[PDB]
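Below is one structure, written out as C-alpha cells; comments come after it.
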Ligand code: HEM
Ligand SMILES: Clc1ccccc1C(c1ccccc1)(c1ccccc1)n1ccnc1
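What follows is the structure, given as C-alpha cells:
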C-alpha cells in the first residue's frame, strides 16, 4: 500500500521526504506547521502536473477543469463562489428528505435479508445508497441502484475508477472498456442536462440544487464541455468518498462491540425508534460524530492533496527546489505516534468533548480554500445512514473477510465488507 510506504519513510526520514508518486518527483511534507503554512493560504495552489491525470484518462476527457481538477486560482474561484450557493445551511437542510428516504430504503432492503445467513456486500450496498442520494440531491434524478436499476451505469463507474488507477500507477480490453465507460458517464450528463433544460423550457419550477449552480456557472460559454466536466466531477466526488467512508466505518465497527453498544444506546436516547431524523437530531448524535471522525483518521478515502511550490523554499530545515509538487497526507499524519497516542487503536474518545482538537494533523476533507465543498453535505448523509443502521440492524463480518485497504483512485476496503445481518 503506497501510503503505508510513505508512512514508514515519514517516520524514519523526518518531516520532508522526496518520493516518486504517480510517476513524478514530489516532496512529502508532514509537520503540522508545514500543513498550516501551505494549505491555509490562497498563495499556494494545486499542481496541474499532478491533476492533469484526472483531466483526461487514456485520451478520453473526464473531469476536465471541473471544481476539483482546476488548479488555477482565479478560474477555480469563479466557479467555487457560484457553486457555493448550492451548499448553504438552508440548501443542505432541504436535503434531509432525500437523505431519510434513501437511508430508510437501504435499511428495509437489508432487513429483508436479515436472517444471519445471507452474505451481503456492505460496500456495494453503501455505494448504491450514496449514488442514489447524490443523483436525487444534486441532479433531481432517481437512479434506484438500491432497487437493482442502472446496472450498466454502475458498471461504467466501476471501470472508470479502475481506469484512473491503471493510468497513474504504471490490458487493451480494459483500455476500451475504460474509454467506453468515460463516454457513458459524459452522455448520462448530457442527458440529465437536457432533462433539466427541457423542464425549464416548458416553464416548470425546479427547486434550486447543485445542477442549477453548475449550469449557472457555465452561462456564457460556447459549449457544454465545462458543464459536463463539472457534472462528472460531482457525480463522482459526491458519492465515491462517502461510500468508501461508510464502508470503512461499518467494517471497523464489526470488531468494535463496546463502541457499537454505546452507539446503540445514544441512538436509543436521542432518536429512540423514531423513523425520520430531523436536522436538529444529527447535531445531538455526538458519539456517532466522534466514531466518524475517528473512522476518517485511520481510513481517509481521500488520503491527501498536492500544492505547487513555485520557488525554492526552506521547509523544516530542508531546501526544496522550486517547481516542486508538495505532497500532504492525512493518512500518514493520522498514523504517526508523534501526533496520535497509540495511532493504530480505533478510539473515538480522542474526539470527545474537552479533548484539544487536532492541530493540522487531521484533514480528511483537506484544509483552506481548496477543502471539500461537500463536507457538511457528507457529514449529514453518513450520520443519517449510520444512525438508521444502528437503530435496526446488527452486522457480522463474514469469516475470511479482511480488514485491509487497497489504493484505487481513493482508499477503500480490500474486501467488499461481506456481512450477515440480524434485526436488533
Ligand atoms: C466522506 C466524504 C467525503 C470526503 C472524505 C471528501 C474529501 C475531499 C477532499 C480531501 C477534497 C480535496 C481534494 C483535493 O485536494 O484534491 C475534496 C474535494 C471536493 N469534494 Fe469532497 N469529500 C467527501 C464527500 C463529498 C461530497 C458528498 C461532495 C458533493 C456533494 C464532494 C465534493 C467535492 C468537491 C466538488 C471538491 C472540490 C472542492 C474545491 O476544490 O473547491 N465531496 N473532498
Ligand atoms: Cl478521481 C476520484 C475518484 C473517486 C473519488 C475521488 C476522486 C477525486 C480525487 C482527487 C485528488 C486525487 C485523486 C482523486 C476527484 C478528482 C477529480 C475529480 C473528481 C474527483 N476526489 C477526491 C476527493 N474528492 C474528489
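In PDB author numbering, the protein residues as written are 59 to 228, 236 to 489. Each residue gets a CB set at the ideal place from its N, CA and C atoms; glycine is no exception.
Count the C-beta pairs between the segment 118 to 138 and the segment 94 to 106 that are closer than 8 Å, then say yes if the count reaches three, no if not. yes
How far does the beta strand (DSSP E) with residue 86 in it extend, from its first residue to its last? 82 to 87
Let me check you understand the geometry: is the CB of residue 121 closer than 6 Å to at least one non-hydrogen atom of ligand 4? Of the ligands this structure carries, namely ligand 1 and ligand 2, none is ligand 4.
Am I right that residue 230 and residue 90 are in contact with their C-beta atoms under 8 Å? What's the rounded C-beta distance? A break in the chain separates 228 from 236, and the residue in question, residue 230, sits inside that break with no coordinates.
Any idea if residue 341 is buried or exposed, counting beta-carbon neighbours within 10 angstroms, 16 or more meaning buried? exposed
With 16 as the cutoff for other CB atoms within 10 Å, does residue 338 come out buried or exposed? exposed
Is the closest heavy atom of ligand 1 to the C-beta of residue 362 under 6 Å? no
Taking 6 Å as the line, does the beta carbon of residue 80 fall inside it for any heavy atom of ligand 1? no
On the CB-based measure, 16 or more other CB atoms within 10 Å of its CB, does residue 318 come out buried or exposed? buried
Quick one: give me the first and last residue of the beta strand (DSSP E) that residue 380 is part of. 378 to 380
What are the boundary residues of the alpha helix (DSSP H) that residue 298 is part of? 290 to 302
How long is the line joining the alpha carbons of residue 282 and residue 479, rounded to whole angstroms? 38 Å
Is residue 430 close to ligand 1? I mean its beta-carbon at under 6 Å from any heavy atom of the ligand. yes
Look up residue 441 in the DSSP assignment and say whether it is helix, strand or coil. helix
Which of the three DSSP states, helix, strand or coil, is assigned to residue 449? helix
Distance CB(residue 276)-CB(residue 260) smaller than 7 Å: no
Host beta strand (DSSP E) of residue 389 (start-end): 389 to 394
I'd like the list of long-range same chain contacts for residue 67, defined as Cβ closer than 6 Å, with 5 residues on each side in sequence excluded. 75
Is the beta carbon of residue 222 within less than 6 Å of some heavy atom of ligand 2? yes
N- and C-terminal bounds of the beta strand (DSSP E) containing residue 370: 369 to 374
Nearer than 6 Å: is that true of the beta carbon of residue 347 relative to any heavy atom of ligand 1? no
As assigned by DSSP and simplified to three states, the class of residue 487: strand
Going by the C-beta, is residue 127 closer than 6 Å to any heavy atom of ligand 1? no
Tell me whether residue 130 sits in a helix, a strand or coil according to DSSP, three-state version. coil
Collapsed DSSP secondary structure at residue 424 in the structure displayed: coil
Per the DSSP calculation, residue 119 is bridged to which residue(s)? 114
Per DSSP, cross-strand counterpart(s) of residue 384: 379
Considering only their Cβ atoms, is the gap separating residue 365 from residue 396 smaller than 7 Å? yes
Just to confirm before moving on: does the CB-CB distance between residue 122 and residue 294 stay below 7 Å? yes
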